[PDB]
Amino acid sequence: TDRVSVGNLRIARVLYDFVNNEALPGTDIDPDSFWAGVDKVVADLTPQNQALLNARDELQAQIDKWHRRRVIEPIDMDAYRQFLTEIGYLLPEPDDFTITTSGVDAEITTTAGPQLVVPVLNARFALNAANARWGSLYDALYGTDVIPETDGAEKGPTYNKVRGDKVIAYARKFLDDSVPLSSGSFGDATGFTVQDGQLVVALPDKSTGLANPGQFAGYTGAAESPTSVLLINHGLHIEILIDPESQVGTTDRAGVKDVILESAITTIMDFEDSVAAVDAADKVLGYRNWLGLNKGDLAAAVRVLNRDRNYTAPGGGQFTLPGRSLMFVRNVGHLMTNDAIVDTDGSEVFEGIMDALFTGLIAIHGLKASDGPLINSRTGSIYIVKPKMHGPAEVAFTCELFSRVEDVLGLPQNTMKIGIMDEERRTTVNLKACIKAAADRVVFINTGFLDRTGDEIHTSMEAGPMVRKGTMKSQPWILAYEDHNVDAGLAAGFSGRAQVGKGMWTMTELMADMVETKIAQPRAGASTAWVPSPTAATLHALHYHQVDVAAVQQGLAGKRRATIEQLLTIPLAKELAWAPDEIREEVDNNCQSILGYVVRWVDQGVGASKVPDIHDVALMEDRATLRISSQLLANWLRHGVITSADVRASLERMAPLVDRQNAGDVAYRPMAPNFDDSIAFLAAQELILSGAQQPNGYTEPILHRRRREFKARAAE
Ligand SMILES: O=C(O)/C(O)=C/C(=O)c1c[nH]c2ccccc12
Ligand SMILES: O=C(O)/C(O)=C/C(=O)c1c[nH]c2ccccc12
Ligand SMILES: [Mg+2]
Ligand SMILES: [Mg+2]
Ligand SMILES: [Mg+2]
Ligand SMILES: [Mg+2]
């Protein structure tokens, strides 16, 4: 075969060559030392990794049996909690402590703003994401439904000046709200000059300054005639571009062309739930993009990474603001193996261990000058998001895994920082202990609420039928879970030190709703929350201007707003909650969601994209939504809500629907009418019917297997 032998390992040639020829040069790490380190880290940590997974199996088995020796319905909370305690699921809270993480960048410790997540396998999206640090507010307002397409203000093939005027007025009002004038309104401004180092705004009757002069951050061009004016509010920059000779500028009363918002302050380059990668060839594509990102030289077809932005300080001197979001990388979690490396017995190597070694190695390039200044962390950290951990022993393992990798890479200890996803129940209920296990590495906690819902369903699979998917977002457990996350963070001293993050808005086209509703996240003390696109980053940024996150977090200090009983309130459906037609649309909804996502995953290897749902609402969802949908259907089938023919009929009904929605594509092979000849259709069916039997309801084992099958089939 085509592998390279290194001690006990057999490494796929593509990955071996990539590491040697692309990743290693420039690092000063000796190739022989690196590979021997890989072999030794893998040898030392593999049995512990496996034991952690066995522990999940043991715990879930005990829970399944507890429910199966079932009473007559309502759960006895005191008994249940005592049970969780006795089996080591629910562990004691450690005493109060404060995190000690150092060498973290201001983007994480201090700045509250949007956090963008993007599939690393897509080079052009990853590039747009890195550049999303700065975004046009005019484009984001004009191009979405935040400005209502009413009579007269609708989007056409050419610019609609009536709609344009609304965009302008929306932005003026934002300016008045965020950086107030001493008197008057930006709506009445006729010009901007800089005089003796202070901003002067001409009104039609007089001139005025900012109510708070300190919000004047800089400018470009001559002071007497600046091309732009830079402001700051709540640590976020706003830049008024001034150009009377432009399409929009000629219409504006002050010659204003656009308002640019500092938007995606950080971006997560994703190797996990938003990509499909099932072998070395797939991993390498991802590693190569992550490499191009850190070196500054990634470029896509049809392009490049933005340079830093130049300004003149009011006081007088040239300075620079970052032109890119600070980049995290999301590694895969502890579950999966990947044949990119096998051992001598032919066993696949743990993929999470590989990601640490390789994304860790590659990240070193972002700590040094690109060939321009260094791309990423100026304070010397590597930021890794670690998803899907179950409890504090699993966090401690990641800690030791990073420590060992730091040794192999010749990096100082604690260089590799951890963004902890709070997205599994055993982590939620032991959160304080989970943070403590990462006390000198943690840079965020985040409520990954979609995965969290999946785990909620799987954990209590045998308890009874669960409420519908759309109901989950408002169940007591999840609300308690959101508050409990913030409390634990603030109490560990995250304020000023680490991000307290919240979850993804998935409805990419429903931007007016996002602007209206996602404001609840910073209001809840979240210093960050996830957005699916640069456009969504720009709009979510509005929320950080209206909400003083720092102040909100100070007010929340010391409070305990969720009990363990609330956390443990299983989302069981009640007596006769649904009519026949309600059950049927919930089934169709889920079968459509599964099919539309799985067909692109297995056939084209796309792990995330805009997928229209049943009512054609565009959704940017990923593997976690699949986890929920398959687990819910498995749960309804398990408890007799629906029959196996119900499931079949719905799959078979929804399948041509999906073929139609994707009739546009060219690599698309239709599932109907020969369903059993469709590897994707079979994968979809398997995720439901075998769903209850997947470890913690995870979808990767079925998905990886079927994608690999498809790839193999398309080669004979
Ligand atoms: O009485 C109780 O409340 C309680 O929980 C009893 C026990 O767990 C055990 C008693 N003998 C044992 C041997 C092995 C493992 C557990 C036990
Ligand atoms: O809630 C979770 O468990 C979680 O981790 C969220 C996600 O991964 C994403 C949800 N929609 C997305 C679109 C693009 C990239 C990532 C995502
Ligand atoms: Mg006992
Ligand atoms: Mg997740
Ligand atoms: Mg319901
Ligand atoms: Mg199981």
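For reference, positions follow the sequence shown, starting with 1. Atoms within a ligand are numbered from 1 in the order they appear, just like the ligands themselves.
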Any carboxylate oxygen within less than 4.0 angstrom of a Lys/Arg side-chain nitrogen, looking at [X] and [Y]?
{"X": "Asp96", "Y": "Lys432", "result": "yes"}
{"X": "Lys283", "Y": "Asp355", "result": "yes"}
{"X": "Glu700", "Y": "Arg623", "result": "yes"}
{"X": "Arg653", "Y": "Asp646", "result": "no"}

* To do: Find, among atoms of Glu86 that are N, O or S, the one nearest to the Mg ion (ligand 3), and state its name.
  =>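 Of all N, O or S atoms belonging to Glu86, OE2 is the one nearest the Mg ion (ligand 3).
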* Protein heavy atoms: any of them under 4.0 Å from atom 11 (N) of ligand 1? -> no
* Asked: Looking at atom 2 (C) of ligand 1, what's its closest protein heavy atom, distance included?
  -> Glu86 OE2, 4.7 Å
